[PDB]
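Read the single chain below, which is given as C-alpha cells and is the form deposited in one PDB entry.
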C-alpha cells in the first residue's frame, strides 16, 4: 500500500505546481538571495509605498490602508480560484455531492490561504505582487486602527508554521487534508469525505516521515497547527465586521461575501 500512498503524494504535488503560480520554493529563493530569482522592492514607510506604486507592476485615490485592504481582496479572490482548481484534482472530490463540494470550499479556502501565505512571510514582512514587492511587518502594524491589526496574527502564525520547514510537496498533501474535513457545518454525507481524508492523512504521514526523517512527530506537530488556523479566521471575520460598519462605501468582493455568509 506504500506505493499507492507515494503515487498519491506525487499526484497532489504535480497538481499543486500546476495550480499555484508562486510556490514556497520560489518565495524562499526571493527572500533569501538566490540568483535563480530576482530581488523585490521593499515597502517600509509611507514614502516608499508611493515609490512602489510606480516601481511595482500591480495586477489590479483613497486612503493608504484602504488601498491595501482592497489589494488583499483581489489576491484573495485569485487564491480562491487557485484553491478551487486544486480541489478538483484531489481524487474523489468532484464525485462528492455538489452541496458538500461548495461547503468544503467555503470553509477551507481561508485556512489554506493563511497556510500558503506563511510561505510568503518571514518575521520581517511578506511578499506581494507575485513576489515583486515586499511589505514590512512593522509598516503594516502602524496603519491606522483597526487596519493595522489585520496582519499581525498572520505573521505570528507564519513564524510558528515556518519553523516546521515544510516544502511544497508536504504542503500539497496538507492543504488537501484541510479541504477534505468531514467536520464542516452543514455537510450532507460526512462518510465519503472522511474516507478520502483518511487516505490523504496516511499519504501526508508517510510523506513527512520520508521527507523529514530526522524531524520527530512532524505529523502530529503539523496537525495541531489547525488550532492556530481557525483562530486566525475567527479574528479576521471579527475585524471585517468592524470595517463593514465603519466604511459604508466599501463592500467585500461578491465571491468573498458568499464565502463569509453564514460562516459558522
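Numbering follows the first chain given and starts at 1. By rigid core we mean the largest C-alpha set that fits within 1.5 Å across both forms.
A second form of this protein, the form deposited with a partner chain bound, is not displayed here; the remarks below concern that form.
inquiry  = Please identify the residue among 169, 84, 122, 132 with any heavy atom within 4.5 Å of the partner chain in the deposited bound form.
reply    = So the residue touching the partner chain in the deposited bound form, by this definition, is 84.
query = Among 155, 139, 93, 147, which has any heavy atom within 4.5 Å of the partner chain in the deposited bound form?
reply = For this set of options, the contacting one is 93.
ask   = Should residue 162 be counted as a contact of the partner chain in the deposited bound form, where contact means heavy atoms within 4.5 Å?
value = Judged by the heavy-atom cut-off of 4.5 Å, residue 162 is well away from the partner chain in the deposited bound form.
request  = Evaluate residue 255 for contact with the partner chain in the deposited bound form, applying a 4.5 angstroms cut-off between non-hydrogen atoms, and reply yes or no.
outcome  = Result yes; residue 255 sits at the interface with the partner chain in the deposited bound form.
query = Might residue 80 be said to contact the partner chain in the deposited bound form, defining contact as any heavy atom within 4.5 Å?
reply = Yes, residue 80 lies within 4.5 Å of the partner chain in the deposited bound form.
message = My question is whether residue 67 is one of the residues whose C-alpha shifts by 2 Å or more between the shown form and the other one, given a fit on the rigid core.
response = False for residue 67: its C-alpha shift is below 2 Å.
message = Please state whether residue 205 has a C-alpha shift of 2 Å or more between the shown form and the other one, with the rigid core used for the fit.
response = No, the C-alpha position differs by under 2 Å between the shown form and the other one.
inquiry  = With a threshold of 2 Å on the C-alpha, tell me if residue 38 counts as moved between the shown form and the other one once the core is superposed.
reply    = Yes; residue 38 is a residue whose C-alpha shifts (by 2 Å or more) between the shown form and the other one when the cores are overlaid.
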